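As a plain string of letters, each chain reads:
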Amino acid sequence: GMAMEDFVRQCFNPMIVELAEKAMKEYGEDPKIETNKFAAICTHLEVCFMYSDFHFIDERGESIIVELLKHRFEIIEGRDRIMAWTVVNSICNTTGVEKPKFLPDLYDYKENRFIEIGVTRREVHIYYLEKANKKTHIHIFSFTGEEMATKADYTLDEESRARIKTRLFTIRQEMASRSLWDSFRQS
Ligand SMILES: O=C(O)/C(O)=C/C(=O)[C@]1(Cc2ccc(Cl)cc2)CCCN(Cc2ccccc2)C1
Ligand SMILES: [Mn+2]
Ligand SMILES: [Mn+2]
């Protein structure tokens, strides 16, 4: 468990890591005990913030990709649950979008929809099917470079996607090198 905890701290931005720890405390989990759930939660948060990088909205509400500006996505994952619902209710109140039944990860201010972001150590259709069988847009990434999305609408451009698929693939190599991956996958 020490090796993974060390890996996590070296692998993710300290901000991500500080959020993961609070997230686990909320869930009643201890990051030093459930070190795998700790990596998973850091990975997921990272993909959420990556998904949002570089994306903005201009003065007419046109979306724009850019290497101070209105963010295109509200990031919902990461906040505590009551805070999270507060933001969600208010988006719905400002925009007439119907309230989702489960908390999503993001809200798209251009497309006006919530997004659920999945990251799976498994194969992606199996995951897609569990989550889908449960108007919130779904987008799934794998550690092995695959992805899939509700209606084949991947929202972002291709570069932003390859960026995330690459990061996930790298995280895997690095774990496998440190012989940490089998345990991560098997859980
Ligand atoms: O699997 C996901 O892609 C995903 O986004 C899951 C979630 O958002 C929840 C938190 C969580 C996020 C990520 C992981 Cl790997 C595990 C648990 C777990 C299930 C619902 N939960 C709501 C909640 C928030 C705060 C406290 C309690 C419950 C939020
Ligand atoms: Mn979430
Ligand atoms: Mn998610």
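## Some details on the coordination of the manganese ion (ligand 3)
For the manganese ion (ligand 3), the full set of protein donor atoms is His44 (NE2), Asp105 (OD), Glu116 (OE) and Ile117 (O), at a range of 2.1 to 2.2 Å. Taken together, the 6 donor atoms surrounding the manganese ion (ligand 3) define angles of 79 to 173° at the centre, an arrangement classified as octahedral. Taken as a pair, the manganese ion (ligand 3) and the manganese ion (ligand 2) show a spacing of 3.8 Å, with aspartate 105 coordinating each metal. One end of the pair, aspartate 105, is in the loop between α4 (81-95) and β5 (106-108); the other, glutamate 116, is in strand β6 (residues 113-120), with 11 residues separating them in the sequence.

## Comments concerning the site of ligand 1
Taken together, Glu26, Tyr27, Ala40, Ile41, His44, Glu77, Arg81, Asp105, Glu116, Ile117, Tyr127 and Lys131 form the complete shell of residues around ligand 1. Interatomic distance of 3.1 Å between a side-chain N/O atom of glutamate 116 and an oxygen atom of ligand 1. Between ligand 1 and the protein, one listed contact pairs an oxygen atom with a backbone N or O atom of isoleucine 117 at 2.9 Å. Considered on its own, ligand 1 offers 600 Å² of accessible surface; in the complex 69% of this is hidden by protein. Listing elements by their share of the shell around ligand 1, those giving two or more residues are α2 (14-27), α3 (35-52), β6 and α5 (124-132). If one sorts the elements of the shell around ligand 1 by residue count, α3 sits on top with 3 residues. Tallied by class, residues from the shell around ligand 1 come to 5 nonpolar, 1 polar and 6 charged.

## Quick word on the sheet that holds β6
As summarised here, the arrangement of the 5 strands in space is β4-β5-β6-β7-β8, forming an open sheet in which the pairing is mixed. Each end of this open sheet is capped by a strand with a single partner; those strands are β4 (73-75) and β8 (147-149). Within this sheet the neighbouring strands show an average axis-to-axis angle of 20°, counted without direction. In this structure, β6 lies alongside strand β7 (residues 137-142), joined through 6 bridges in parallel fashion. Bridging from a neighbouring strand, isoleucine 117 pairs with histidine 139 of β7. Along the sheet, α3 makes contact with β4, β5, β6 and β7, crossing β6 at roughly 135°.

## Topic: the side chain of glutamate 5
Following the sequence through the fold, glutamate 5 ends up in helix α1 (residues 2-11). Relative accessible area serves as the criterion here: at 10%, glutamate 5 is assigned to the buried category. A polar atom in the side chain of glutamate 5 sits 2.6 Å from the side chain of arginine 9. A polar contact of 2.8 Å, which involves the side chain of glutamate 5, links it to the side chain of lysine 32. With residues near it in sequence (within four places) discarded, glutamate 5 still touches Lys32, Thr35 and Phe38.

Conventions adopted
Residue labels here follow a simple count from 1 along each chain's written sequence instead of the entry's numbering, which may differ, and residues missing coordinates are not shown. Both sets of labels track the order of writing: A upward for chains, 1 upward for ligands. By convention in this description, side-chain values take in all heavy atoms of the structure and omit both hydrogens and water. Listed donor atoms are N, O and S within 2.8 Å of the metal (Na, K and Ca: 3.2 Å). As water is not included, a site may look incomplete. Angular criteria define each label, namely tetrahedral for four donors with all angles between 85 and 135 degrees, square planar for four and octahedral for six donors with opposite donors over 155 degrees apart and remaining angles between 65 and 115, and irregular for whatever fails these tests. Secondary structure counts use DSSP, requiring at least four H or I residues in a row for a helix and at least two E residues in a row for a strand, with both numbered from the N terminus. Definition of nearness: a residue and a molecule or strand are near each other if at least one heavy atom of the residue lies within 4 Å of the molecule or strand. N or O atoms within 3.5 Å of each other form a polar contact, as long as, within protein, one can give a hydrogen and the other can take it, and as long as residues adjacent in sequence are counted only when both atoms are side-chain atoms. With residues, only the protein chains shown are counted as cover, and all accessible areas are computed by Shrake-Rupley using a 1.4 Å probe. Note on residue classes: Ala, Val, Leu, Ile, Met, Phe, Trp, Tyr, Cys and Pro are nonpolar, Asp, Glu, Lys and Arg are charged, and everything else, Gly too, is polar. At least two DSSP bridges between two strands are required for those strands to pair. Helix axes use the C-alpha atoms of the stretch in contact, all axes being lines fitted to C-alpha atoms, and the angles between their N-to-C directions lie in the range 0 to 180 degrees. In what follows, residue pairs with any heavy atoms lying within 4.5 Å of each other are defined as contacts. Think of it in three bands: with a 1.4 Å probe and only protein chains considered, a residue is buried below 20% of the maximum accessible area for its type, exposed above 50%, and partly exposed in between.

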